[PDB]
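Notes to accompany the following structure.
We place every Cβ from the backbone using ideal geometry, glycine too, and count neighbours over all the protein chains shown. Each answer follows from the model by the rule given with it, or from the source it names; these are not laboratory values.
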Amino acid sequence: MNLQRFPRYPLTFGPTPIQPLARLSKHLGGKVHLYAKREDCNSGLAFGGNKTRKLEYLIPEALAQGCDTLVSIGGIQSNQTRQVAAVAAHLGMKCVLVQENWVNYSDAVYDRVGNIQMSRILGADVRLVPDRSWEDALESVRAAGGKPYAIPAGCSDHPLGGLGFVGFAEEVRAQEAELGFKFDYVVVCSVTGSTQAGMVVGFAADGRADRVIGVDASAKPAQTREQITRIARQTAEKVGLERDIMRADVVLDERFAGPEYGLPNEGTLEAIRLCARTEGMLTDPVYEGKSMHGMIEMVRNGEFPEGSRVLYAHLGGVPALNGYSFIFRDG
Amino acid sequence: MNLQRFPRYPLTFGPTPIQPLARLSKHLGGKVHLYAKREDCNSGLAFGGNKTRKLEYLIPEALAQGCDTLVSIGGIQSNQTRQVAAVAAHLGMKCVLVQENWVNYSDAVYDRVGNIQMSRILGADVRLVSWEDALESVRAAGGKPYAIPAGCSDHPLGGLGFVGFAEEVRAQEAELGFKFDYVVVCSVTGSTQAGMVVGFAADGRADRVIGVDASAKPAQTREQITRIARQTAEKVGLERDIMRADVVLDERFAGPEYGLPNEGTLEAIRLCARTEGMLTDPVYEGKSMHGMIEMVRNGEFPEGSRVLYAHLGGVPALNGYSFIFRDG
Amino acid sequence: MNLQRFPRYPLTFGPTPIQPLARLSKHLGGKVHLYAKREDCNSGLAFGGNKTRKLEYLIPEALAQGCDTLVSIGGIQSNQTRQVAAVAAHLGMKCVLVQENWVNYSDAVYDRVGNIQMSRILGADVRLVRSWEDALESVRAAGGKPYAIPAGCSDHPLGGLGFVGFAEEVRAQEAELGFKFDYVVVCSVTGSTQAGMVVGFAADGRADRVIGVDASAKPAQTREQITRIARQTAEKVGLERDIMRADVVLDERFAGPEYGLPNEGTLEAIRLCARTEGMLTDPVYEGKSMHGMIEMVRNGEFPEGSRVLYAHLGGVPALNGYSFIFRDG
Amino acid sequence: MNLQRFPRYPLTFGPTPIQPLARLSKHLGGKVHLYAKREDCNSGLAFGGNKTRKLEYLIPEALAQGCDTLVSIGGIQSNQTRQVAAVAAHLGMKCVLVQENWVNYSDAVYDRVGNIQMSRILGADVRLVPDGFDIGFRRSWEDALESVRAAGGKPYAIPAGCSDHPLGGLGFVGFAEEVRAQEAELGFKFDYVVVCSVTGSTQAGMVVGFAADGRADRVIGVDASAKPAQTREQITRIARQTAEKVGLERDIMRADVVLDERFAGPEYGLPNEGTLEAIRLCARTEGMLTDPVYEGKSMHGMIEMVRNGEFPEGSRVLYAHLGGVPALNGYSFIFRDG
Ligand SMILES: *[C]C(*)(*)(=[N+][C](*)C1=C([O])C([C])=N[C]=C1[C]OP([O])([O])=O)C(*)(*)(*)(*)(=O*)[O-]*
Ligand SMILES: *Cc1c(COP(=O)(O)O)cnc(C)c1O
Ligand SMILES: *Cc1c(COP(=O)(O)O)cnc(C)c1O
Ligand SMILES: *[C@H](*)c1c(COP(=O)(O)O)cnc(C)c1O
């Protein structure tokens, strides 16, 4: 296949480093070698993260089409909108964000710290629903004579949204080369879908598509899984996957998404603390903390073949921790 | 001089990238080329930052010394203490932090968001109020503590990190094929600008390191940078003396107090964030961003100068000043 | 029966006033006449409320025993502990409070505003968590004599006298008004507030007219505590009847979803009551009982022409720990 | 003097009680007897307070004019706007509140707790502008008033603190009168009154009410504005206009208006270390709470005056607790450990 056919606008530092999680792994019995690829450290634009990798392939079309405003949407503590706001500012574009109440969480500063605080500082017009927002948004832009580039939730349901992470697999291969070995697995957090989509496609190439263990954080596994499966197939087409994406290539564990999207369970919190305390690597209570929780449990349940080398994709999400201050008041 | 003599423990991804601040540069007139060396993006340990570069030179001694607990100190929203906590966990060491009330700011979640929040999740013993007090606590507790002063600054190895930064800059200016005429850096505890002074004294550009005070006590800050630069110049074998002309510290933007932004600070933070997508904070970086922007605007920089802004980190503290930014 | 047998230490301004809720009644159809008894405005000690009426009958004993420290317990935004902290202060006594997290809520300032904020200012030693026993032991051990006040003052020999007095007060005021109330709406969680009332009104045959509104979300249990406390209390004031389960009325339709958490109906009732009468209620206690009464009048559960007396127990300060919910109203 | 000439709509339970501050009086040496008249406990309408006493003489006019909306104004933790909001809801009137941060303070939950939170729950249209918007400059006051008209309603304008209004000082003339009535019930007299002062019609009403019996200079005002000159002038002006309004047949002299300035620091709405100790001291002896903006400053004053022997030995000092407690919620960090 050839991803190179599509331009890629530089929004990151370059390939993302892979680090070993020796302590955590040892702490879990050293039967599985845990690593982490730091998408959460990929950019100077308000901490970047997975979405910013996706955005590298969307911005050319946006620029190509002469759009002057980037418009997107997500929950109050959405990492996506924050990155869009930063990318927009860096690209000299306006930005309109529609933030809705996607989480049944009521915290005094939920709408004033973390991701959303940055978006406002970055100059985005941050529109908070009551309590069609999307179309009003696009229109107000047109109305103001601007031209909006619509970026759907997480950049996922878009023709280009699966690309970024195809190249992710492509990166892991280059690093594996210098590494003298290939990872047996890839643990990734899944919600809107195009991150795991790209990976499924990217690793399908060398037949590891089913080695990408997605961990659902949506709490709506069915939809999420179907969106990954769907987004993959389409992306595979878009790149030239000399193979087809089977409903067996899309893996999605559903044991760690509870209780609801945006709410952590006690395993989520323990996982965040375990990992932060052994590696000095933080994960959040909405996304990464759930995928981390997933891996620690998989490992702990011997679900991973001794000697296995698992690559944990850390997608970002850390700033959202500020929206859950009470839970971590004593750590 | 010879920095290589001293061991360095990898806590960073490696050399920090330099980026053009084209939009901001153009916005201010096009007469001065501004760039940013991202020390704030140097590590996977809870955002890292400048303090993390410093730490790489102190850790070896902690390890050598067989120490098992890193002890440090700073205000409630201290970046230093958060980095020590992350480094600590990464090394598998204990961590005791003395968070003092160094800022006359009253915010309902000041001691529960941002930096301090991370230090607790990172498993550090976070004590709120003492230095010696905690240290002894550790010994009396049966553990060997490695003492890390505020900002890692007043310490024998505290200046090495940024001596290394000037070296990195050199190595990058070579690749870039051009040299920066100045460096704008925020200064509070001192060993950051101290290391740069010694580093750039090496090639005759000490006085091009333009520090901006964020302490609101320029006198002490300037003297600390000088003292640190001399002790550090001696350790690296600098074949020269640090003169007062080598320590440039602008006092115009620290106001009104440490930990407290002025309207210029916020204006600066909004401008830079909105032109480059690059965030700075109300305590440190915003104040240095503010000075650099104001310098350009005053024409204090020679038309054509290339200014390397050093972004030391600190963004997480923004969570403690949420009401100020509630509408942007 | 005889209530005067027990000494009452004054901690209130005197009987609590009764106000008509003319606007709310009309808003709901004017078929039922709603009134309110401001237990929430009963004291100058940190806003007071129902717990303070209870405490008047417990303090003489703490003093008699020469106790020097009041010890109590409750959730983070407990009203009980805040009132106890204010009484100790007033009395000149120490105060140790065991604050437990009884609510699945995690707001950023939950342990720093509202009731708990007041307790710390009032000089109480606020310990965030055997919990209860350790506290007591610790006082003795420190050289003090602690008076034990169980949650809500409820499971305590004297916990029920305060509201036996409430019914006493009500008949007197009913006289003054030349008429009587047909029903009393009241919020129940630990039990002695409703139990006291059940006893005082049994005395005139209106026990079963004290409509309890569960806010525990564990109705069976709460209902059992009201029943028990009530029987132990009716005995202590020499009620001429043994208290029957049929004397205790506890509606459990408005308690959801959990203790300390409001439902969309709770929010609606707080808003409507606030916007028609200028009287605030909280998302943990009163708003639930308010929701209850409004719902009853609405479903036409009170006979046409009834006079309902809503007992406003207090609680308003807890509103501060639920600031996100009310950000826009 | 004939205050009875002006109608008074009930918004209170009746005369506010007076209580002895025996514990605090004892702690300071026993040489001075402190009491508190509880205006802070005067109403069932969202905790009420002094502003509510003032409102009783304004509402009759609002009603006679057929107004359907009460429009007022104040800072973020304003006590006045919260009382207006409750009074409005109670009367079946709409309410528009014009608000802005009038304090150089910026706590994370400042605009979502305490007073302003209640106003919103009470159904007021709380129009809070962003920093630097400057309402008093753009005259947002008037726009709100006009927008009510534009919307076809009829607004009743209530100025900051009810003070600079023709009827704004009547309520506290009633306070002097009521005090006289209680001094007769009690069988004894109060030698001074301590009252926090900012917009001024509270103390102005007192000055007029007490001048009628030669006790005006007995009302010791304690500035919490940190702008004593203006505040003194507004009190004096309000006093004179009200004096005339109630037929007081005497002039209010410069000597009748007493405003201490020593306890206002460092700025309106910002407490000083003495403010905080006073709050803690009073609360820990009497179980009576006071706030960082208003009452805590006047409480600080009284305590300090007593401590400095500024009160003749044996005086009975009546502390007027004007309210304000809900505002403690906006200063949570300061009290995080008590
Ligand atoms: C959807 C979304 N966030 C995407 C995301 C993250 O920001 C982090 C830190 N982890 C995982 C995800 C899930 O990625 P996908 O592509 O499946 O949505 C947002 O902010 O709206
Ligand atoms: C500590 C710090 C500074 C000041 O550095 P010093 O070495 O103490 O002079 C500036 N910016 C940030 C983000 C810091 O953490
Ligand atoms: C404690 C409390 C209740 C419940 O009273 P119980 O006697 O425990 O049943 C109701 N409302 C408020 C405001 C309370 O503080
Ligand atoms: C408004 C107010 C004051 C000052 O009264 P003025 O009439 O404005 O001088 C004092 N205390 C409290 C609690 C207030 O709300």
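Among (1) of a type outside the set (D, E); (2) in contact with a helix residue (DSSP H, G or I) (Cβ under 6 Å, 6 or more places away or on another chain); (3) in the same structural domain as A:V96 (by CATH), where does A:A144 come up short?
All conditions pass for A:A144, except number (2).
What are the residues in region A:257-276 that are crowded, with 24+ Cβ neighbours inside 10 Å and closer than 23 Å to A:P17 by Cα, if any?
Scanning region A:257-276 gives A:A271, A:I272, A:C275, A:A276.
Suppose the filter is over 21 Å from the mean Cα position of the chain (by Cα), surrounded by fewer than 17 Cβ atoms within 10 Å (Cβ to Cβ), away from ligand 3 (no atom under 16 Å from the Cβ) and over 28 Å from A:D157 (Cβ atoms); does A:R309 pass it? Can you show your working first?
Details: over 21 Å from the mean Cα position of the chain (by Cα): yes; surrounded by fewer than 17 Cβ atoms within 10 Å (Cβ to Cβ): no; away from ligand 3 (no atom under 16 Å from the Cβ): yes; over 28 Å from A:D157 (Cβ atoms): yes.
When the stated conditions are applied, A:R309 does not pass them.
Please verify whether A:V109 is β-branched (V, I, T), part of a loop (DSSP other than H, G, I, E, B), surrounded by fewer than 22 Cβ atoms within 10 Å (Cβ to Cβ) and not assigned by CATH to the domain that holds A:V191, treating the condition exactly as stated.
On the way: β-branched (V, I, T): yes; part of a loop (DSSP other than H, G, I, E, B): yes; surrounded by fewer than 22 Cβ atoms within 10 Å (Cβ to Cβ): no; not assigned by CATH to the domain that holds A:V191: yes.
Taking the combined requirement at face value, the residue does not satisfy it.
To keep it simple, each residue is scored yes or no on (1) within 16 Å of ligand 2 (Cβ to nearest atom); (2) buried (at least 21 other Cβ atoms within 10 Å of the Cβ).
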{"residue": "B:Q77", "(1), (2)": "yes, yes"}
{"residue": "B:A89", "(1), (2)": "no, yes"}
{"residue": "B:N101", "(1), (2)": "no, no"}
{"residue": "B:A124", "(1), (2)": "no, yes"}
{"residue": "B:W131", "(1), (2)": "no, no"}
{"residue": "B:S137", "(1), (2)": "no, no"}
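Among the residues of region D:78-96 satisfying the criterion of being more than 12 Å from every other protein chain (Cβ to nearest Cβ) and not in a helix (DSSP H, G or I), which is farthest from the chain's Cα centre (by Cα)?
Narrowing region D:78-96 to residues more than 12 Å from every other protein chain (Cβ to nearest Cβ): D:78-81, D:96.
Then keep just the ones that are not in a helix (DSSP H, G or I); that gives D:78, D:96.
Working: D:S78: 10, D:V96: 20 Å.
Checked region D:78-96; the qualifying residue farthest from the chain's Cα centre (by Cα) is D:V96.
For C:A220, state whether it is surrounded by fewer than 23 Cβ atoms within 10 Å (Cβ to Cβ), of a type in the set (A, V, I, L, M) and more than 16 Å from ligand 1 (Cβ to nearest atom).
On the way: surrounded by fewer than 23 Cβ atoms within 10 Å (Cβ to Cβ): yes; of a type in the set (A, V, I, L, M): yes; more than 16 Å from ligand 1 (Cβ to nearest atom): yes.
So C:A220 passes the test.
Out of the helices (runs of 4 or more DSSP H) lying entirely within region A:183-291, which hold 3 or more residues that are within 14 Å of another protein chain (Cβ to nearest Cβ) and of a type in the set (A, V, I, L, M)? Working first, answer last.
Working: elements: A:194-204, A:221-239, A:266-279.
Counting at least 3 such residues, we get A:266-279.
Would you be able to say whether some residue in region C:23-45 is over 20 Å from the mean Cα position of the chain (by Cα), within 11 Å of another protein chain (Cβ to nearest Cβ) and under 22 Å from D:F47 (Cα atoms)? Give the derivation first.
From region C:23-45, those over 20 Å from the mean Cα position of the chain (by Cα) are C:23-33; that's our starting set.
Applying the additional criterion that residues be within 11 Å of another protein chain (Cβ to nearest Cβ) yields C:23-24, C:26-27.
Checking which are under 22 Å from D:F47 (Cα atoms) leaves us with C:23-24.
Scanning region C:23-45, I find at least one residue that is over 20 Å from the mean Cα position of the chain (by Cα), within 11 Å of another protein chain (Cβ to nearest Cβ) and under 22 Å from D:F47 (Cα atoms), so the answer is yes.
Can you work out which of the residues in region C:124-177 that are part of a helix (DSSP H, G or I) and of a type in the set (S, T, Y) is farthest from ligand 3 (Cβ to nearest atom)? Outline the logic, then answer.
Step one: list which residues in region C:124-177 are part of a helix (DSSP H, G or I), which gives C:131-142, C:151-153, C:161-177.
Now narrow it down to the ones that are of a type in the set (S, T, Y): C:131, C:138.
Values: C:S131: 19, C:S138: 25 Å.
Checking each candidate, the answer is C:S138.
Can you spot a residue in region D:313-333 that is away from ligand 1 (no atom under 16 Å from the Cβ), within 11 Å of another protein chain (Cβ to nearest Cβ), surrounded by fewer than 24 Cβ atoms within 10 Å (Cβ to Cβ) and farther than 25 Å from D:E100 by Cα?
No, the conditions are met nowhere in region D:313-333.
Consider C:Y310 carefully, then state whether it is within 14 Å of chain D (Cβ to nearest Cβ) and within 19 Å of C:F166 (Cα to Cα). Give the steps one after another, and end with the answer.
Details: within 14 Å of chain D (Cβ to nearest Cβ): yes; within 19 Å of C:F166 (Cα to Cα): yes.
Here the answer is yes, as C:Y310 does meet what is asked.
Would you mind telling me which numbered condition in (1) in a helix (DSSP H, G or I); (2) more than 12 Å from chain B (Cβ to nearest Cβ); (3) in contact with a helix residue (DSSP H, G or I) (Cβ under 8 Å, 6 or more places away or on another chain) A:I73 fails?
It is condition (1) that A:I73 fails.
Among the residues in region C:48-64, are any within 10 Å of chain D (Cβ to nearest Cβ) and part of a helix (DSSP H, G or I)? Before the answer, list the steps.
In the first step, residues of region C:48-64 are kept if they are within 10 Å of chain D (Cβ to nearest Cβ); the result is C:48.
Restricting the remaining residues to those that are part of a helix (DSSP H, G or I) gives none.
Taking every residue of region C:48-64 in turn, none turns out to be within 10 Å of chain D (Cβ to nearest Cβ) and part of a helix (DSSP H, G or I).
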